[PDB]
Structure formats: structure tokens, C-alpha cells
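Naming: A, B, ... by sequence-line order, numbering from 1 per chain. Just so you know, these numbers use all the heavy atoms, side chains as well, and skip hydrogens, waters and symmetry mates.
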Amino acid sequence: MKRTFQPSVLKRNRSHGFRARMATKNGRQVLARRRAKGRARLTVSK
Amino acid sequence: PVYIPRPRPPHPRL
Amino acid sequence: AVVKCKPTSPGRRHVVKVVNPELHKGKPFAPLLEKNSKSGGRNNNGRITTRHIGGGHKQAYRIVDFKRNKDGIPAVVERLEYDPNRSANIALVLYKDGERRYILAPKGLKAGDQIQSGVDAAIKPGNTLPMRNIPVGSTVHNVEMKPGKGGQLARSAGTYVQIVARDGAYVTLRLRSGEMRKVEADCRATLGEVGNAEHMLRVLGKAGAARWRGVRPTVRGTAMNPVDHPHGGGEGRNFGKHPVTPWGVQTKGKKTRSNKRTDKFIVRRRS
Amino acid sequence: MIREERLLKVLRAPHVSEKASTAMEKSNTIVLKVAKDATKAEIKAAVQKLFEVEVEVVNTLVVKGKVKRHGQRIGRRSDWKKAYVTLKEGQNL
RNA sequence: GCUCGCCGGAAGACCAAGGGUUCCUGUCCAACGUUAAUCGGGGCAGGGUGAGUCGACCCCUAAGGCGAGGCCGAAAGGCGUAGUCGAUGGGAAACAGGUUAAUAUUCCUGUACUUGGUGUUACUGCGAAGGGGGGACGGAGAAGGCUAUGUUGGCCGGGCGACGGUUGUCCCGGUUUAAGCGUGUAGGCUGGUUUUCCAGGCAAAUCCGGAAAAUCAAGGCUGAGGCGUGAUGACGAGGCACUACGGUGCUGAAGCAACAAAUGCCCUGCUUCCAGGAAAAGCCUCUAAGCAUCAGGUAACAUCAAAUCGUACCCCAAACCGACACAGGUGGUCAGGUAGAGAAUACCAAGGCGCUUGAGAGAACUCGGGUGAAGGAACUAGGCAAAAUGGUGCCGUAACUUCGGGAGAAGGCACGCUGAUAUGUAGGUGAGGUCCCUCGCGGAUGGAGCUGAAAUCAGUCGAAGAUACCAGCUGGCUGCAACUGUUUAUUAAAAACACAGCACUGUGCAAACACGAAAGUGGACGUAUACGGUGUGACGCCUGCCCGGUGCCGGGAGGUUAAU
RNA sequence: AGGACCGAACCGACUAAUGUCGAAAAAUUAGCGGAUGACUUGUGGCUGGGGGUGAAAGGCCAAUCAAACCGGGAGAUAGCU
Ligand SMILES: [Mg+2]
Ligand SMILES: [Mg+2]
Ligand SMILES: [Mg+2]
Ligand SMILES: [Mg+2]
Ligand SMILES: [Mg+2]
Ligand SMILES: [Mg+2]
Ligand SMILES: [Mg+2]
Ligand SMILES: [Mg+2]
Ligand SMILES: [Mg+2]
Ligand SMILES: [Mg+2]
Ligand SMILES: [Mg+2]
Ligand SMILES: [Mg+2]
Ligand SMILES: [Mg+2]
Ligand SMILES: [Mg+2]
Ligand SMILES: [Mg+2]
Ligand SMILES: [Mg+2]
Ligand SMILES: [Mg+2]
Ligand SMILES: [Mg+2]
Ligand SMILES: [Mg+2]
Ligand SMILES: [Mg+2]
Ligand SMILES: [Mg+2]
Ligand SMILES: [Mg+2]
Ligand SMILES: [Mg+2]
Ligand SMILES: [Mg+2]
Ligand SMILES: [Mg+2]
Ligand SMILES: [Mg+2]
Ligand SMILES: [Mg+2]
Ligand SMILES: [Mg+2]
Ligand SMILES: [Mg+2]
Ligand SMILES: [Mg+2]
Ligand SMILES: [Mg+2]
Ligand SMILES: [Mg+2]
Ligand SMILES: [Mg+2]
Ligand SMILES: [Mg+2]
Ligand SMILES: [Mg+2]
Ligand SMILES: [Mg+2]
Ligand SMILES: [Mg+2]
Ligand SMILES: [Mg+2]
Ligand SMILES: [Mg+2]
Ligand SMILES: [Mg+2]
Ligand SMILES: [Mg+2]
Ligand SMILES: [Mg+2]
Ligand SMILES: [Mg+2]
Ligand SMILES: [Mg+2]
Ligand SMILES: [Mg+2]
Ligand SMILES: [Mg+2]
Ligand SMILES: [Mg+2]
Ligand SMILES: [Mg+2]
Ligand SMILES: [Mg+2]
Ligand SMILES: [Mg+2]
Ligand SMILES: [Mg+2]
Ligand SMILES: [Mg+2]
Ligand SMILES: [Mg+2]
Ligand SMILES: [Mg+2]
Ligand SMILES: [Mg+2]
Ligand SMILES: [Mg+2]
Ligand SMILES: [Mg+2]
Ligand SMILES: [Mg+2]
Ligand SMILES: [Mg+2]
Ligand SMILES: [Mg+2]
Ligand SMILES: [Mg+2]
Ligand SMILES: [Mg+2]
Ligand SMILES: [Mg+2]
Ligand SMILES: [Mg+2]
Ligand SMILES: [Mg+2]
Ligand SMILES: [Mg+2]
Ligand SMILES: [Mg+2]
Ligand SMILES: [Mg+2]
Ligand SMILES: [Mg+2]
Ligand SMILES: [Mg+2]
Ligand SMILES: [Mg+2]
Ligand SMILES: [Mg+2]
Ligand SMILES: [Mg+2]
Ligand SMILES: [Mg+2]
Ligand SMILES: [Mg+2]
Ligand SMILES: [Mg+2]
Ligand SMILES: [Mg+2]
Ligand SMILES: [Mg+2]
Ligand SMILES: [Mg+2]
Ligand SMILES: [Mg+2]
Ligand SMILES: [Mg+2]
Ligand SMILES: [Mg+2]
Ligand SMILES: [Mg+2]
Ligand code: NA
């Protein structure tokens, strides 16, 4: 049984990383929402 | 929980 | 030559090959090659815009000289070569000045034949010159649509254009489709038919043969659900519709040509 | 020429352990906890300047801090750089 | 610790990915561990990851991304040029031995190599966002040469045995050694060299391409492996001493040959086929502007530098993905012996394990197996399941057929061991020797040694010799689908889908068509022997009549008819 | 030579049994199919919700699919319980 989560750090950062978020107007609104909510981890960047 | 399995199908009273 | 394979297996029983012993059994001319990546039928947006495209053999692009604008300089045919990008074969051709080019191979072209382009070339097959120095009634190919544009008509295997009439700055051509079209008399055309007229005699035998030409399977609209095609639906082989495209437009005879800016050049449409 | 104010930051401590003892014992290698930046050239210059010994070569590694659970909180110790400084021939001073 | 059992194309070893300290040591046993736990991947503390050469970084590019300007778009933004990123690909260089509780191609010993910088010397044309070459490329197949590796013999060390025998064609163990450097081989490719000229390589070119002439006929490129050296070194069975009895130190014989042999290497080769098989840089070469004293280049020698980051540990798994210490999933590399065609299979090696509740008992019943009188499908929806068949060689094999098949049709015979043919044959390999040379990794002869099927004849044992494991049931009629393939991840694998073939139809290229407010993109760097849509669905024989309805195509006289 | 044959790896999933608060939210065991191709697989990339992709089952699109998920309109509305 292959499951849905097949981790890959490169794909993770290219898909949801900080620079991926900053690339688009909508990704920068994700960061604004998570900053407003007070999220300790802003992105998947560690 | 977070996952509730679908109940088994009833006997087809058809 | 048209060779029928022997039925040593299904998928081999119905294969008919077009095996030309005169084609170069080596690597193509590397300076005239470049990368030609597949698209899968996907466009700029990444969406399938043409269907049934995908896979197939990797193939390099041969830079074929369609313009044929090296005028006066004679050229000798040194090779006939297989081209994965055409139904026609190409000819590697060496010019007297030491330049090599690929051209479409006319019907009876061989290694060692002399070809040249320009207003003063002979009426040999494979010679290119404006359709103002070509006689009327002569059979040509690789015909330009605009002077200097390069040559867009009659480029498939066995195809050719007939120079039917000639009235001033224009020449009427019978195209391979049966259409009469006006084209500027300053447009170049190569003399003769395109070679490899046996190309349409191949049979491919099996599904994998089409698959490795980059052709992916075609699902019939009837075989689908009503949500997928205008055909589709039914409790077992129902049609009851008029045949249409996947986007609802009548196929089975409905003219889709709408130009209005090139109608002046079409003397008579195909029949 | 690395400046002495930088050399005086490069070195942090000597690393005391069984492997460090054995290295100084039978290979003439002193083991140091150095700064994090701490290039090999900076470490060599700093050792030769401050300990006034003759350095042959510097091998460096980064030690990643351990995740420790102090009380009921998850903490992590700092990564630090370790330098194996091989002295040339004479001795430590 | 001694036995026993299990895996051993893994349940061993090494990695990538992923994880992130789980690694090692000491200590503790609350919780965790499906039980106890003194133990642990658990708690606590300490230690542990050492690189010019490995990898990343770096240089280069693919798909693709972003994208100055630009084009387009209510805005947001889309596309895209120059460019710039982007590996899963291309690009410099290190091996063997030793060592830690834990790292090692990183430490140490020994022996190397690479690329740059700076100098000195000597000789000189150097010079690029530019040109050319190269890099640089498919599938399949076959063979030869090899090696890894194994077997045997020889050699060396040890043994002579708990129950008969065992000083012998007896038993046990070892018999290892790299990169680098030199040689240039089996082999592959290629005719070289000089001169002259040229409308080509955006300009130039001495380079490439082309042409002619002469001349010599060889040169050049590539290349496994072997050999020499590396290496009077290392390692080395064992022996010798001391205890932390875990190990530490010292010494150290032989260290050869033959045969067999890869799926590895030569080989990015060769042959062949069609479906016609990356790019760019490094690299080599050519010049332009430019500088020609300089700069720069080339070659020696010297010196300097090679940073930074990763390196522990798991990695078919208790450490990753599955909520679990979960019978699941997870890419690559290595892969010994006997039998075997084999990476099957059985038993083993190295190595690793006994799967984290046990102890009894020996009811029904359930599960997984074994055997079964007589019968033999009577069972049942249905031979479901089970049983059965099963290998090799040879003999033999029907209808039908699209001439390929059917077919391994069906059936049948032989098969172990021993001896002889023949103190091991046919075959393979191949030393010495003896010649020959345009002398070396050479050629010819030569056959020592090694290895070695298969067969026949004779004998012989058993109920049985393809003895285990392994390993087709076969035949007859018929529907459907031509066929290989695909599908409802997780109740449907099919007659459904696809398919080659066929037909209709559209499309003349700024194609139709599709995605897109558009720009644009796909179609296609294609051009009617092409492309799209639709239906049918190999092949064979064929495909009849109806245009009234609906559609589509054509006409446009007349009637009706919008904005205006 | 071959979408050739037999058969491991590998990819599948035809039959049966077990399991069905499972060892497992799809397995195991014994058989079974393909196994040089329309094959399989790693890494990276692209296509997105009336959208994609689909050898077509309304299949798949993160254990969710005749219109994914998350947040919002939103305390939708509910003559119904
Ligand atoms: Mg992604
Ligand atoms: Mg199509
Ligand atoms: Mg079709
Ligand atoms: Mg179809
Ligand atoms: Mg159907
Ligand atoms: Mg259907
Ligand atoms: Mg509809
Ligand atoms: Mg229908
Ligand atoms: Mg239907
Ligand atoms: Mg019906
Ligand atoms: Mg009807
Ligand atoms: Mg060092
Ligand atoms: Mg380091
Ligand atoms: Mg811990
Ligand atoms: Mg441990
Ligand atoms: Mg412990
Ligand atoms: Mg207790
Ligand atoms: Mg307990
Ligand atoms: Mg612990
Ligand atoms: Mg690109
Ligand atoms: Mg862009
Ligand atoms: Mg802009
Ligand atoms: Mg780059
Ligand atoms: Mg890479
Ligand atoms: Mg990178
Ligand atoms: Mg270790
Ligand atoms: Mg220029
Ligand atoms: Mg050998
Ligand atoms: Mg060897
Ligand atoms: Mg021996
Ligand atoms: Mg003795
Ligand atoms: Mg005795
Ligand atoms: Mg040779
Ligand atoms: Mg193989
Ligand atoms: Mg100089
Ligand atoms: Mg020199
Ligand atoms: Mg390690
Ligand atoms: Mg370990
Ligand atoms: Mg357990
Ligand atoms: Mg497990
Ligand atoms: Mg085997
Ligand atoms: Mg096995
Ligand atoms: Mg019992
Ligand atoms: Mg039985
Ligand atoms: Mg019975
Ligand atoms: Mg009996
Ligand atoms: Mg009986
Ligand atoms: Mg009977
Ligand atoms: Mg009955
Ligand atoms: Mg009955
Ligand atoms: Mg029944
Ligand atoms: Mg059965
Ligand atoms: Mg059975
Ligand atoms: Mg041999
Ligand atoms: Mg028998
Ligand atoms: Mg079977
Ligand atoms: Mg019937
Ligand atoms: Mg039929
Ligand atoms: Mg079928
Ligand atoms: Mg198949
Ligand atoms: Mg599929
Ligand atoms: Mg299903
Ligand atoms: Mg179902
Ligand atoms: Mg099924
Ligand atoms: Mg189907
Ligand atoms: Mg049909
Ligand atoms: Mg039919
Ligand atoms: Mg009809
Ligand atoms: Mg009519
Ligand atoms: Mg009309
Ligand atoms: Mg096959
Ligand atoms: Mg399998
Ligand atoms: Mg499937
Ligand atoms: Mg099944
Ligand atoms: Mg088959
Ligand atoms: Mg098979
Ligand atoms: Mg992928
Ligand atoms: Mg349906
Ligand atoms: Mg799902
Ligand atoms: Mg809806
Ligand atoms: Mg919602
Ligand atoms: Mg509201
Ligand atoms: Mg409500
Ligand atoms: Na009609």
C-alpha cells in the first residue's frame, strides 16, 4: 500500500516554501493571514 | 476521532 | 519498395513496410540538426489543445531548405536521408561553394544529381525557380505562397502542384486537394513531384506502430457519457444525434472555412 | 592578513574528551571548539598567533546541537564548530 | 557459553530518498515496550560526524520556471524577448593498509593524482558575446577478447582423531596485495602528407567545408585486459606473553599454476532494423576588433592555494510512507558454494536472525496441512476447491488454417549408479620445445598439463532413478471479441474501451480545430500521401432499397423579415 | 525478426480460502496474467474544479468526486424530524 504522502524536501519547498509563497500575490496573502493569526511556523521551511 | 468508516451496506431489501 | 511482412505473429501479419534501400544508413548531417521536443498536444497553457498526441520516438529536427534561394550556384545530391519529421525523404545536397543543405527529395532524385535554383535554372526535376520561368502545365512541388516566404504547398510524400494557368502577376495552381488557387508568379516552386509516393502504401499492422509515431488512442464519443461528449449516453449503443465534434459542432459535412481575406485567391474550391 | 581582533574571536575553547586526549597523545592534534564562522585559514592563523605553535593542517566539523527535553519543554542546544588542529612537529606550548 | 532452528538474489552488505541523534559509553526502570525486564530505537548525562580528490556547492544545459524591455489585458494580471534559473543528464583529480566504544577513500602510514594563482627562466603572436570540431547520445542481436569470481592442483602451517579404519591420490586452514606510473596488446575506427584555389561557415580565419594536382602508401586516433613497477612494503595462517580475561602487544611461513567464468569491462565498439534515437559547457582549433616591446601564449622549475557545507545512525526498515516497535509500500549497488538452464528452487557460506507474552493440556469447533477402504462428479448453480499433469532427449502428432500456425497437439520410449569403449573419449584450453621474423604483449608448428560433455555396450540396487524441491492436465463442440494491450485505486477485467484497417467529412495554411476577454500557444518548425472530427473496427465475402421527416450541402427567382 | 513463446525479478490482479472490532480503512496464502514492450521504474516538471486528465469506468484529481479541498457569504433555507 503506497500512501499519499511521499516526502521530498525539494518538492516540499518548491511547492509550499517561503519563496514559493512570496512569488505570487495570493501566496503573499497566505503569509499575511498566517502572520495575522500569529503562526510560529510561517511556511514549510525547516 | 477524525475518520469515521462508512457503515457496511444494508441487506438490499429491494 | 513495398514489402509485406510474414505473419509470424499477430501485429506482424498485416504490416506493410516501405523499405527504401537508397536511404542513408548512417547518422544525419549534424550541423543541420537541432532539438525537437514533443508537446503531447499541450499548448502554452499546458492544456491539451490537439488530442491524440503523445509519446512516440524521440526525433531530431532536420533543417530543410524550403526557401531554395542559393541562386546560380549548382549543387550535387550526395545523400537521400530518412526524415522522421516528414512523410517525404530529404536530400543532403552539396553546393559548389562547399555548403551543405537539406531539401525535399523529388521523385526521381538520386545521389549525384545536379540541382540548382534561380531564374535561369533548367527544367530538371529538383530545380527551383519562380513560377514565371516555369512552363504552364508543368508539375511542381514545394510551392511558395508568398515570394521569399519559403514554400508551403505540396511538401508531403508523392504530392505535387500543377501549374494550370498564368494571367499576369498571378499563376493558377491545381493543388493536391483539387482546389484551383491563385499564387503570385514570383513565388518559387521546385520542379517534379515529391518523392516517396509509396509512403501511403504502408499499413503499420498494429497499435504500437501508431503509438510510436506519437499518436495516442481515439475514444469514440459514443463510448463516453453525456457529460464527456455530445455523443455518449444510452443503454447500449444508442446514438440518435447528429454527429458533432466534442464541442458540439456538426461534423459529417459542414464547411468551417471562414477567412474572407484569402477568398480572392481561391479560384475554385475542392470537390 | 586576518586581523588580530578576528583571531581573538575565532577560538572559543579547548575540547576535552577521550578522543581529543588520544589525538593530542598519538597524533599531535589539538581539538578546539571554535567559532561558527571560523574558516580553516582563520583557525590556523589564530592558533599560530595565540598559542604561538606551528600548525600543519586544520580539519573542521560542525557539531549539531542535541534536542534536549528540560522539564516538559523541548529545547535544542546550539550547533558548534570543532577543529582538529595538527601541530607540525615540536609540541604544544 | 554450548547446542538447536531460520534467512542467505536476504531476513546479508552499501547507498540515495526520507528521518534527524535513533549512533557509542555510563547510569536508571516511573511511563513507554501489547508480559517480566537487570534489557531497549525508553529516561538522564557524556561522547561521537575530521576531505583539494566522495557528495553538495561550483561550471553547463533539459523539461519547465521566472522574466528587463515588449505585446496583451477593467484592476489583479497573462504571455513572452534578451537574459536568468532549473538535474533526474554533461564537466579536474586517491588508492591500498592500519586505527576509534562510536568517523574514515576524510585520521595515520605508504604510494599518488588534479586544477588554478604567483614567481623565475627560455621560446614565441596573443586575442571573442563570434566560426568550426568535439562533447553527442536509439532498439535489438551476435561474437571474440578479457576480468571480477570460483574450482582444482601445487606450496606452506597444523593434524593423525571419543565408535571400526585413517602416514595417505588423508583431514583442516592459508595461499592477499590497490590507485598511480610504464608498456602498448585482443580489438575498433580512419588513408595519410604537401601545394594551389574558392560564390560556404552573418566579418575574418592559417580552422572547417569544397575543388584540383602531386606524392607516399603508411600514419594517426581509440582500446579492455595482461605484463613490469608500485611492493626486500603491506597483509598474512598460526605461534609467543598479560590482564581490565573484552582484548593489548610481538613475530610471522607459503603467498604459485591450471582450468572455468559473468548479466561486469573492451563496447559510446561491431552487425542490423526503423519507430531514425538531448542540449550546453568544459575541451581542441580559427580568427575579428584590439595590443603587437607590452599584454598574452607555450614549456620546465619553484612556491602557494584548493574555501564552504554534508559526513554519526536506520535506510525492504521497530528509525522512511502507513495513527502502532503495523504480515503493507519504498529507487539504486554488491551478490560466494553444491545441484540447477537460471537472479527459479533446495541445502549452505560470509553475514544476520529465532519475528517482546509464556507454561500446560491434548474436548467440540475453526484455521492450515497429511493420509484414506470401495466408489469416482453420484457434489454443486458450476468439478468451486482439491486431486492430477509436469523435466530433458528422441520418436510421433489430426481436423482446420490467414500457410505463420494448430503443436509441447495428441501419444510413446529412455533416464540412477558402476565398469568398459577411453588408466577420461569427442571437444575446449594450452606449457615446454623447435623454427620464422619487417623482435614483440609477434607468427607457425608442437602437444605436456588442465578441463571435459554426450553416447553405446555390459553389469548392478531399489516398489519406484526427470526419485526431493522444482515442474503444462488433455481432448471435442459452440457464442462473443480478430489478435498483444486498457478499464470501474477499494465487490464488475468483460462481449466493455483501445486497436491496425475502413469510410465519411472538414481543413489551401495567419488551415480547420482547441486553450485563451487578448496577446499568444498547440495543430506544426507539419502543408491535403497533412492535419482535425465522426463512425466502424484485423482478415475474407460483402455492404441492398428509401432524401417523405430531422440534419447538412447548394441555389436564390419570389414571399416574409432587424437595426437603420 | 517479433506489441513472438516458456519462465524469475518487476508490473499486475483472474480464482479460492482466510481475515472482516483484520497483521492490513483492500491485505495474506495458494494458484493466476504480462514479462523487449501500446512495457516498467526513479528524479524533476506541466495541466486544476464546471476545470483538468481519462485505450471511457462518470474513472481519477492526496484513504474525499455526477463537480476536490479550505476559508468566507453563513446563523443559506428547512411548511420536515
Ligand atoms: Mg508538487
Ligand atoms: Mg485524432
Ligand atoms: Mg481511429
Ligand atoms: Mg476509438
Ligand atoms: Mg461502452
Ligand atoms: Mg460507458
Ligand atoms: Mg451534452
Ligand atoms: Mg451514445
Ligand atoms: Mg451507450
Ligand atoms: Mg438498445
Ligand atoms: Mg432508436
Ligand atoms: Mg588532511
Ligand atoms: Mg568537512
Ligand atoms: Mg533521544
Ligand atoms: Mg544502541
Ligand atoms: Mg544505554
Ligand atoms: Mg517492577
Ligand atoms: Mg512493562
Ligand atoms: Mg536511549
Ligand atoms: Mg528551457
Ligand atoms: Mg514569462
Ligand atoms: Mg515588465
Ligand atoms: Mg545556469
Ligand atoms: Mg545530477
Ligand atoms: Mg543545483
Ligand atoms: Mg559505523
Ligand atoms: Mg563578429
Ligand atoms: Mg582471473
Ligand atoms: Mg586478481
Ligand atoms: Mg590448495
Ligand atoms: Mg603432525
Ligand atoms: Mg578409532
Ligand atoms: Mg590492435
Ligand atoms: Mg540482462
Ligand atoms: Mg609572461
Ligand atoms: Mg617549460
Ligand atoms: Mg556511514
Ligand atoms: Mg551501524
Ligand atoms: Mg514486535
Ligand atoms: Mg513493518
Ligand atoms: Mg538460481
Ligand atoms: Mg531464492
Ligand atoms: Mg488439534
Ligand atoms: Mg491429499
Ligand atoms: Mg478414497
Ligand atoms: Mg495404504
Ligand atoms: Mg483406492
Ligand atoms: Mg476412473
Ligand atoms: Mg450432478
Ligand atoms: Mg444433486
Ligand atoms: Mg454450490
Ligand atoms: Mg480449479
Ligand atoms: Mg495441488
Ligand atoms: Mg580458458
Ligand atoms: Mg518412474
Ligand atoms: Mg502452473
Ligand atoms: Mg447459444
Ligand atoms: Mg463474430
Ligand atoms: Mg479481446
Ligand atoms: Mg503482451
Ligand atoms: Mg493505467
Ligand atoms: Mg473494482
Ligand atoms: Mg464492482
Ligand atoms: Mg476483480
Ligand atoms: Mg471498457
Ligand atoms: Mg464498436
Ligand atoms: Mg463487431
Ligand atoms: Mg447501407
Ligand atoms: Mg429534399
Ligand atoms: Mg441552406
Ligand atoms: Mg511476448
Ligand atoms: Mg510478481
Ligand atoms: Mg489497473
Ligand atoms: Mg481477482
Ligand atoms: Mg502469452
Ligand atoms: Mg511469460
Ligand atoms: Mg514524477
Ligand atoms: Mg453508466
Ligand atoms: Mg482518492
Ligand atoms: Mg454544482
Ligand atoms: Mg466550503
Ligand atoms: Mg446572506
Ligand atoms: Mg443552520
Ligand atoms: Na432530406
5′-ward residue of the pair C:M224/A:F5 relative to RNA chain F: C:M224

Using a heavy-atom cut-off of under 4.0 Å over every strand shown, decide if [X] touches base, sugar-phosphate, or nothing.
X: C:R261; result: base
X: C:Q250; result: sugar-phosphate
X: D:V67; result: sugar-phosphate
X: D:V62; result: sugar-phosphate
X: C:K149; result: sugar-phosphate
X: C:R62; result: sugar-phosphate
X: D:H15; result: sugar-phosphate

So, under a plain 3.5 Å distance rule, would you say the side chain of C:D228 forms a donor-acceptor pair with the base of F:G58? no

Could you identify the nucleotide paired to [N], looking across every strand shown and requiring Watson-Crick or G-U wobble geometry with both distances under 3.5 Å?
N: E:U345; value: E:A339
N: E:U84; value: E:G65
N: F:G79; value: none

Presence of salt bridge, C:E99 and C:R101, under 4.0 angstrom: yes

State plainly whether the residues D:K9 and D:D37 are in salt-bridge range, i.e. N to O under 4.0 Å. no

From C-beta outward on [X], which listed nucleotide comes closest to its side chain: [options]?
X: C:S156; options: F:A25, E:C274, E:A530; value: E:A530
X: C:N45; options: F:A62, E:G526, E:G520; value: E:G520
X: C:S87; options: E:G551, E:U529, E:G200; value: E:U529
X: A:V9; options: E:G18, E:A514, E:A500; value: E:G18
X: C:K255; options: E:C553, E:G520, E:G532; value: E:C553
X: C:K27; options: E:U505, E:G138, E:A510; value: E:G138

Short side-chain N/O contact from C:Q152 to OP1 or OP2 of E:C509, under 4.0 Å: no

[atom1]-based separation of [M] from [N] [nearest Å]:
N: E:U490; M: F:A26; atom1: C1'; value: 5 Å
N: F:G54; M: E:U486; atom1: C1'; value: 11 Å
N: F:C11; M: F:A35; atom1: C1'; value: 8 Å
N: E:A524; M: E:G276; atom1: P; value: 15 Å
N: E:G412; M: E:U491; atom1: P; value: 47 Å

Please check if atom [atom1] in [X] has more than 12 non-hydrogen atoms from other residues, nucleotides or ligands closer than 6.0 Å.
X: D:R6; atom1: CZ; answer: yes
X: A:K37; atom1: NZ; answer: no
X: A:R39; atom1: CZ; answer: no
X: D:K33; atom1: NZ; answer: yes
X: C:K4; atom1: NZ; answer: yes
X: D:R12; atom1: CZ; answer: no
X: A:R28; atom1: CZ; answer: yes
X: C:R257; atom1: CZ; answer: yes

Between [N] and [M], would you say there is a Watson-Crick or G-U pair if both relevant distances must stay under 3.5 Å?
N: F:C14; M: F:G31; result: yes
N: E:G370; M: E:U149; result: no
N: E:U308; M: E:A56; result: yes
N: E:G247; M: E:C313; result: no
N: E:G362; M: E:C23; result: no

Could you pull out the protein-nucleic contacts involving nucleotides 49-51 of chain F (nitrogen or oxygen on both sides, under 3.5 Å)?
unit_1, atom_1, unit_2, atom_2, d
F:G51, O2', C:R47, NH2, 3.2

Mind telling me whether E:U49 is syn or anti, cutoff 90° either side of 0? syn

Integer-rounded Å distance: E:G276 P and C:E81 CD: 13 Å

Would you kindly give the NZ-to-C1' distance between D:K36 and E:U308, to the nearest whole Å? 12 Å

Do we get [X] above [Y]'s six-membered ring, with its NZ or CZ under 6.0 Å from the centre and within 45° of the axis?
X: C:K182; Y: C:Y170; answer: yes
X: C:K35; Y: C:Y61; answer: no
X: C:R79; Y: C:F29; answer: no

Expected rows: protein N/O vs nucleotides 105-116 of chain E N/O, under 3.5 Å:
unit_1, atom_1, unit_2, atom_2, d
E:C107, OP1, D:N59, ND2, 3.2

Can you give me the N/O atom pairs linking the protein to nucleotides 278-286 of chain E at distances under 3.5 Å, or say none if there are none?
unit_1, atom_1, unit_2, atom_2, d
E:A278, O4', C:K58, NZ, 2.7

Among C:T190, C:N69, C:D71, C:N127, side-chain hydrogen bond (donor to acceptor under 3.5 Å, both in side chains) partner for C:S117: C:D71

Quick one, which residues of residues 14-34 of chain A touch RNA chain E with a heavy atom under 4.0 Å? A:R14, A:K25

North or south for the sugar of E:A51? Use the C1'-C2'-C3'-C4' sign convention, positive meaning north. south

Which groove of the paired bases lies less than 5.0 Å from some heavy atom in the side chain of D:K66? major

Show each protein N/O and nucleotides 25-34 of chain E N/O combination with a separation under 3.5 Å, one pair to a line.
none

Tell me, for nucleotides 483-499 of chain E in 5' to 3' order, what letter each nucleotide earns: B for a base near a protein heavy atom under 4.0 Å, S for only sugar-phosphate near one, - for neither? B------------SSSS

